[PDB]
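Report on the structure given below.
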Amino acid sequence: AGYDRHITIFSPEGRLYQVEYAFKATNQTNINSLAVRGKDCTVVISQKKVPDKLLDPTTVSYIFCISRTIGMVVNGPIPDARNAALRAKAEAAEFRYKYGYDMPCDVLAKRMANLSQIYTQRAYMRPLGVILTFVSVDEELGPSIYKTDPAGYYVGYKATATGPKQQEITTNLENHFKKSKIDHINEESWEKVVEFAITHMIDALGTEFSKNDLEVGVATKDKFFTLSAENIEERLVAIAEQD
Amino acid sequence: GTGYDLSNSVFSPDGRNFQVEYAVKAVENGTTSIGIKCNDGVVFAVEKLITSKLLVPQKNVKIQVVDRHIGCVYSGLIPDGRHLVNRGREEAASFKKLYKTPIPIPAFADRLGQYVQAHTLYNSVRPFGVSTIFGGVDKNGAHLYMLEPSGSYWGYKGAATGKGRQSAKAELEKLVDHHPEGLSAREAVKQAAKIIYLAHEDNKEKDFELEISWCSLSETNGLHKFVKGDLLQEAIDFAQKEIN
Amino acid sequence: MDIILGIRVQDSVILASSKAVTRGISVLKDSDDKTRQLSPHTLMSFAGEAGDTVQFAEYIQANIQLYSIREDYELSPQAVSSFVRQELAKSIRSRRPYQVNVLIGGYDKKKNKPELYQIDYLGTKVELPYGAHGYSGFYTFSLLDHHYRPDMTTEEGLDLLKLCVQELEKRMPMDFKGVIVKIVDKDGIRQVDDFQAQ
Amino acid sequence: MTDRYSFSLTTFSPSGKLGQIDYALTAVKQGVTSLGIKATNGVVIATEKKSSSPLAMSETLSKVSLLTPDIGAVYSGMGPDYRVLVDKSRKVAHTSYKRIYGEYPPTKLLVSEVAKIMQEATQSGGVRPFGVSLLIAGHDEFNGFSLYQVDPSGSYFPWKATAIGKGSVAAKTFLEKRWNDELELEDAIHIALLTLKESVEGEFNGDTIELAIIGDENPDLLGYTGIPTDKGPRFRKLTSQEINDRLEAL
Amino acid sequence: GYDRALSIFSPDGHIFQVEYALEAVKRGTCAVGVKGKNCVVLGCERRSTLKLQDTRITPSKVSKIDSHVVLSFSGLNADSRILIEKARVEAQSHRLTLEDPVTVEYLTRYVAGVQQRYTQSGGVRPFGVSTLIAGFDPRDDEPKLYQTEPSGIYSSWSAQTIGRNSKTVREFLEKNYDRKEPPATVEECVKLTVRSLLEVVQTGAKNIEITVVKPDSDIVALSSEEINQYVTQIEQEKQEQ
Amino acid sequence: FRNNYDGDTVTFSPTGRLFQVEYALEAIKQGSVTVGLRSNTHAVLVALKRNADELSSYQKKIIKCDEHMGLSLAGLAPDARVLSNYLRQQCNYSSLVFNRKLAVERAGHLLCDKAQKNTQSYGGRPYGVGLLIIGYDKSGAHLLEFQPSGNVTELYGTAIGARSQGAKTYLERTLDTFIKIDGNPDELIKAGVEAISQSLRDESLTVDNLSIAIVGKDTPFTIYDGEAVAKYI
Amino acid sequence: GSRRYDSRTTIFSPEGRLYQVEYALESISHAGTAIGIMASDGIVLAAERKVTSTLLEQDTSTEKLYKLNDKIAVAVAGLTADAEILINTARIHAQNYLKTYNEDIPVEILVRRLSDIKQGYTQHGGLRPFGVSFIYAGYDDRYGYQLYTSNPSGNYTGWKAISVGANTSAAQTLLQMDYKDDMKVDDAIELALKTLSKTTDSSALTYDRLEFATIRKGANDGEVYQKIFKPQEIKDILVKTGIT
Amino acid sequence: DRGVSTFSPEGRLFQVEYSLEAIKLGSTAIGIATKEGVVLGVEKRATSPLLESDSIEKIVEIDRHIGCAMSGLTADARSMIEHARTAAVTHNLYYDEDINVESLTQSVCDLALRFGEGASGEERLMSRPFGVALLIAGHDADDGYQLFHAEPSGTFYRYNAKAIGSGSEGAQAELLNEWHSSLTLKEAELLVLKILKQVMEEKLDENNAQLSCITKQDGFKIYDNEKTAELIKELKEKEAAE
Amino acid sequence: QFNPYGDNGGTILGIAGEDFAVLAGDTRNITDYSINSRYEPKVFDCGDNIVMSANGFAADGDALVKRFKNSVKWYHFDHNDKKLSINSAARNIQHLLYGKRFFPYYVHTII
């Protein structure tokens, strides 16, 4: 009876506690990330925290290059995140082979969401404690942000945020868009979109960042790439000469 | 309610996997082992408790090689350690067979990572009772890694696990600050012999045997080899000396 | 091949089957009964490949006896022939097909009429007044086409068969060592022990 | 590894209830209201697009799905479960019908397929029932227009009109008052909008409501010309604008 | 896929699922079998929880396995069918390969093995059935009566009963059956069988069915009258005292 | 506590223990004592065979795995049979495929690995037997101690089973002595019987109660029982 | 492991009863009542539709009466979805028989097979049983008109009249009270409606809450005909029999 | 619940120990090995006077040189006997010789621990251990006459004499004092008959008890009732003799 | 097409004496008209006082002998070091050979 809390079957209230507790695990890393769409690019910002001095900072990341055009940032423990990344990469590569064209960001998102739905319905599989944010500049849809969770749910966003202080980032972004009246950052260069992204990250969290406190991924026509400490520093300086 | 810690792949109300956490306990109860990344390679060393005079000296080797360029050492349930290396070896052979080139350390790490992470997905298996320090040299440098029972792993400058991990980490952190330019393979060996002698205090009751191995582009040609004879004694002394 | 003949008269079905079993250069047996009773009112005769022949016959016999016990009822001759046709139709597309041809002669106690079915190893089934497998039809059909009458008595049927066997013994190159004859009617199956000179 | 859950997760309780099915139904009750109304020359299905955040792009999430060119579905309960059910329904319509007979399945049969899939999650080993209720509306030459409801147990029933989810009780009552066997499609659409308004808390427009119909053939939505017998799909999702136009005559 | 061990040992050395399988047998309608000097009779009782049945088509309690062997049982009806079918199949197989019908002991040993197997195979529960198998070995005139139970144990009896109140009717048979002089007649054997059932059936002319098995596949079931006649002659044996 | 975490081998206790494995180890302690020790030229196995009744035999505790290898068991006999059989196959494979005698150290690795699998998977159970493996290969004499946990250790000598601690302390004392008994088997065995008698209590090793096995330089693993061990009592 | 969550759907109670079968029957006892009555010239099947609405489409509805063959039909009491699974396989077994023997399947053969399927879910597989009970009405040339019943346990029996579902105790007593061997189809039709009329847990017994069917051998033909009454046809027979 | 192959905290397998309990409830079986052959006797223990005692088969032939007696859940022994007979015949087909009694026993014991719900070691498809113990007796050129006790634990011990079943502890104590290396076959027969008489609830006679033996010369034979009845009479006389 | 068989020549002779027996064979191994070796033993001591030779296609002959020797080894393991009698070895070899009845060891063997 009390096992309706150990495996994924309904509770008398029609709930799935394991999926709920999986959502809880997504915040275990205490990291926040946000993504925004530019005029022709998609940017993703994510806090980077390297506590141990014995760690090689270069190997600590939660952003992944899924395919030449798709990037994915994960909110949740690293092992489940890497499990998700490997699967997504294999899926993206297979799709290209079978259908002759690059897997679209939203399709890969639906596919990963469906796999998640399965862990939600089959008892022997546990949900992954992660939230996946996919980004790219789709050849048909333009800049795109699609996010999936342990419930198998997924949807597209104008912008989005994930993590412990998700709500604050979200309202901040909501406000900016109620003001701008448009669904994207009307900037021609991705560098400025990255700057916007970081600027609002700061405002919302009320914190300052050094070049080693952030992690950035950018998606443009035919390519998704992550920024280096120095590329970021150049970003932080620019925003500094405005405040 | 309770009972969330009785089955392996179950999320507790706070989002944890207690069985993995209990596995960690098995690790902390184990012998101490470490790894130090140098300017062109990596060094591995471990504590071998001498249960009695009956144990043939130098015989029960713990450090293991994977392929010809990777070194692996672990703390916890030894048999789980061997199991993981066997997989690592198949994973490496399969990589070389298809791609010809021996497996890059980062790639090798994810292979071990995915496999261990896999043992936290079902209740039909138990998580691995060991933390593993491994690494080597490849196309672009040396790499040091440590993998936890959760499947979590990262690249390290220095790393340690087991009974005296704190002493070790303390010692390792010192070296990091005092050597921003990079330690050398020769130096890392001695430094390693010491960190282990020091970290042995958290088990000072039993006598032990030191074991070291290394993989250096200049000292071993990028191949993993064990430290033996003179070079070994030399590091033993360097340690016995600084332990007083 | 062997001789397998069947004739359906007014109230019975008669099956005549050669007694010889030849293997290469020698006739090994001259009293072989190429028949199996499937049920009290259903008889099946057969010819074909050396081992397949009996193995198939007995396999069918086993299945029908099992059906009889389970249902405590006797399947109609038509039902039995359909079961047999399907077995052979599966066999023809299997790894090693049963090379067996059969005649099913049965008395339908519900319709109160005799029935004769001819089925080859491909699963080709047909219902006839009289039939045969192999070369037998080539020598005997002209005789049956001529003398056959739906109201014939069992006795007239036996005389017509005798005529067929005599034609077979005159024109056929092989010595099939005579035939064993069996009658199937409302009272079951019985063997005409006296045809060696009837 | 290896799924070792080869025993049922849904079983009978001493009272004769199948707990997991009941609970699944409970999940459906918490779901957003959705409904369907059958007219004499069409069928309409609608639901509310409960955007989970203003940053989310509601269009990128269709609760009303086309299954065959003459059949559509909507639901209440767990969206993820519905999404996979739609993928499976679209596929079975092909593998179990179109690839056999060269024509799309009639509404009742596809509903029967969907229902079977759901029934199996009620008995097969190691699974939980689907936490959704669907409303399938379609049209086929020999059965005309139809509307069906499929529950977590796999049971389904035909309706003249009905609603599921949150305010189904109220909505059903409101539909019984306005329904008659002479409603034209436009009348049904109008009635649908009125029924849906009582279930919506906030904004009620063509961007917060999703609505589709099974009506006449849309030769303009076919994509090609040249085959007299191919006249176009009967399923058509209404546009945000088409909805607003009708909301002014509310 | 499902292979859970449902029949296992408990601390005291018992297999509860096999034990409970017997409880299902105690709940079933009573069955009895008595062997004469030249025949074996099998009697069963007919429940009455509901009456309005079609006796023509409703499955009878005694089943023919082959033309010379029959099987009756007490317990779950659904379960018995499985064993009956397997026994019938085995009977034909034996004839096909050995060219001889099964002996009663062989057929019994087969059914018993199937039952035993279901007590130590994963994913399956034991049969909630006990059987009485009777008949005559091919070309033999010596009557045969065997009994099998859920555990797979079996043995031959001069007379035996199973099912509810079989405790009662067994006693009757124990103090009414002489191995020295077994019912030398089909008639006096059928009588002893009806007498034993009346000890528990409580007046049930339509609640008692008999089946007589004689050598050479001579098997026949009595009709209500034929039996009702035996009942009548028996009630007088009492009153005439 | 314990009761909630010892229902199977796939469950860690809150402190990181594996009770089923530990319980298996307990089967070894309950087993009769057996001793193993080696010099630089030979390796010896001395095992105390236990009997059920005085009408029963004294169960064999030593199995030969190849001409150059063999072992002694303490615990569930059946498990020893399964494990030695596996060892026999591995020795065999090495010979047939590589024309190479299996290294004692390699055998130890194989046993560890085979046992480990039965401690991380649902449905199985750990092996409930301890093993002492002796052999003479391309690196001389060898003695190995195998535990169901999968832990295998190379030693100069040791003992497992009930009261094994007696013989063990004795050998840990006699070390410097016996390790030099090269070229003289009889001495090595005598030293083996002296270590084992240090674990007696109940009775005294008799003729049909003592079992000895030896292997070395020019001696293929052979087992002595009964009369053959008389000259050592 | 998984054992922890296994309900063990196929075990005996200490009393020798099968838990799940018993609980499934309990489930069935809350299902709309279904009645079967066999006459000299035919069989009548009548069932009460559980739960209905003004908006329910009755013309296109069927939840209790299903055609299995052209000579066999069943009345359902229990989970409709479970029923359809069994009905579909039953429809297939009938055709397999027809293709094999070129004769329509005898009614009992089909009933026994379906009951055997049910019995299986009772002894192995670890799955829940089907929450269904059937009343089979059919005709064959060996036993003519036949009426059978099967439930979750896999047991089946033949009847002259019988009911399944809710209030069978009451319904059975009423049937046993007015049934007569020499009845005629029309008499049976009336008896069925009266019986349901007295056991209904609803206010009145209207046509929109009923399904009706008859298997007769239309004198003017010589063959068997199944008739699954239409809404209006039920409404008629309802007024005629004096229930309006 | 709890695995069928779980270890107790004392290092024992629950199902095996519980198995041994069922065997204690079984009918008594005794075996005596001598240099003139081995005797095997059992208690029929019929449950009702209507049960035909000779249909009770608790002593069976494995091969001409091997016989065996059982005690416990006897239905469980059929597949064991079958395996044993196949093993002996198979050995003869492969080697043109008789299988050694110990090898035959070891083979039967190999089935013992093959139970569980998925034990990582092969494919042990058996839900529980056997609930019956066996006494395998026979003769072979290398080790002469032999008596073995095969338990559901997979272990088998060789004995000079052994009793299993309900009266085993008592009967075994008796065998301890009565057995000596020079017993004659006849002495063993009476000795088995006597011990069965002491532990049996019923009064031993030639119908509720059965004897058998195996000798190099005539192999395995089951004594017919008449032969045993006489031996019983002979036992009563020697007992009443003092 | 690939031919799995070859012929290595050679001749062997076995003679049984009243209390002894011999098994001889030349030591020449060939392929067509070439000599592969002038000394390649073809008669082997398989233990238990049994000598054997499988002449014909050498690869098959070696596999067989090797398989039989391994058979003697396990005979000991499985039957308390009992000695494998010459008649038992013969029956054993029959099974080894018949096991490849449909892809035969192309050799004439003598023990």
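Residue numbers (the authors' numbering), protein chains in the order written: chain U, 6 to 34, 34A, 35 to 143, 14A, 144 to 179, 17A to 17E, 18A to 18D, 184, 18G to 18H, 18M, 186 to 218, 220 to 240; chain T, 5 to 180, 18A to 18F, 184 to 199, 201 to 206, 20B to 20C, 207 to 218, 21A to 21C, 219 to 241; chain X, -1, 1 to 90, 90A to 90B, 91 to 105, 10A to 10C, 106 to 181, 183 to 193; chain O, 4 to 102, 10A, 103 to 147, 14A, 148 to 200, 202 to 209, 20A, 210 to 217, 21A to 21B, 21D to 21P, 218 to 236; chain Q, 7 to 62, 62A, 63 to 143, 14A, 144, 14B, 145 to 180, 18A to 18D, 182 to 203, 206 to 243; chain S, 4 to 60, 63 to 180, 18A to 18F, 183 to 204, 206 to 207, 2B to 2E, 210 to 233; chain P, 4 to 63, 63A, 64 to 144, 14A, 145 to 200, 202 to 204, 20A to 20B, 205 to 216, 21A to 21B, 217 to 218, 21C to 21D, 219, 21E, 220 to 239; chain R, 9 to 123, 12A to 12G, 125 to 144, 14A, 145 to 180, 18C to 18E, 184 to 202, 205 to 209, 20A to 20B, 210 to 233, 235 to 244; chain Z, -9 to -1, 1 to 70, 70A, 71 to 101.
Here a beta-carbon is modelled for each residue, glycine too, at the ideal position from N, C-alpha and C.
Of all residues in the stretch 109 to 131 of chain Q, only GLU110, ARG114, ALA117, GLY118, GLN120, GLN121, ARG122, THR124, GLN125, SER126, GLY127, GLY128, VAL129 place a beta-carbon less than 9 angstroms from a beta-carbon of chain R.
DSSP places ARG86(S) within a helical segment (H, G or I) once states are collapsed to three.
For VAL46(R), the enclosing beta strand (DSSP E) has its first and last residue at 45 to 51. For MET120(O), none of the residues of chain U pass the 8 angstroms Cβ criterion, the least Cβ distance being about 12 angstroms. DSSP places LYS222(P) in the strand class (E or B) of the three-state scheme. In terms of Cβ geometry, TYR220(P) and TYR8(U) do not form a close pair [threshold 8 angstroms]. Taking a contact as a CB-CB distance under 8 angstroms, the pair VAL134(R) and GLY80(R) counts as one, their CB atoms being some 4 angstroms apart. Put simply, the backbone Cα of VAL46(T) is about 40 angstroms away from that of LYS168(U).
For the 8 angstroms CB-CB criterion, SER79(Q) and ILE21(Q) do not form a contact. Using beta-carbon distances, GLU110(R) counts as an interface residue toward chain Z, with a partner under 8 angstroms. At a cut-off of 8 angstroms between beta-carbon atoms, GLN33(O) makes contact with chain U. Taking a beta-carbon distance threshold of 8 angstroms, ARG7(P) counts as an interface residue toward chain U.
Neighbours of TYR8(Q) in chain O, taken as residues whose beta carbon is under 9 angstroms from its own, are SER9, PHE10, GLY127 in chain order. DSSP places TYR124(X) in the strand class (E or B) of the three-state scheme.
Using a Cβ-Cβ cut-off of 8 angstroms, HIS98(Z) does not count as an interface residue toward chain R, since no Cβ of chain R sits closer than that to its own. No Cβ-Cβ contact shorter than 8 angstroms links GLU211(P) with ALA96(P). Distance from the Cα of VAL202(O) is smallest, within the candidate group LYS20(O), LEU28(O), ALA49(O), for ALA49(O).
When Cβ pairs closer than 8 angstroms are counted between the two stretches, the stretch 22 to 37 of chain P is seen to touch the stretch 164 to 173 of chain P, the count reaching three or more. By the criterion of at least three beta-carbon pairs nearer than 8 angstroms, the stretch 147 to 161 of chain S is in contact with the stretch 50 to 69 of chain T. If you draw a 10 Å sphere on the C-beta of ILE76(Z), you find fewer than 16 other C-beta atoms in it, and that means exposed. The Cβ-Cβ distance between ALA30(Q) and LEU81(Q) falls below 8 angstroms. If you draw a straight line from the Cα of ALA235(O) to the Cα of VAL113(P), it comes to about 59 angstroms.
Relative to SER77(Q), the option among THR171(Q), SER135(Q), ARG167(Q), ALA223(Q) whose CA is nearest is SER135(Q).
Chain X places a beta carbon closer than 8 angstroms to that of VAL94(Q), counting this residue as a contact.
In summary, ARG92(X) is exposed, with fewer than 16 beta-carbon neighbours lying within 10 Å of its beta-carbon over all protein chains present.
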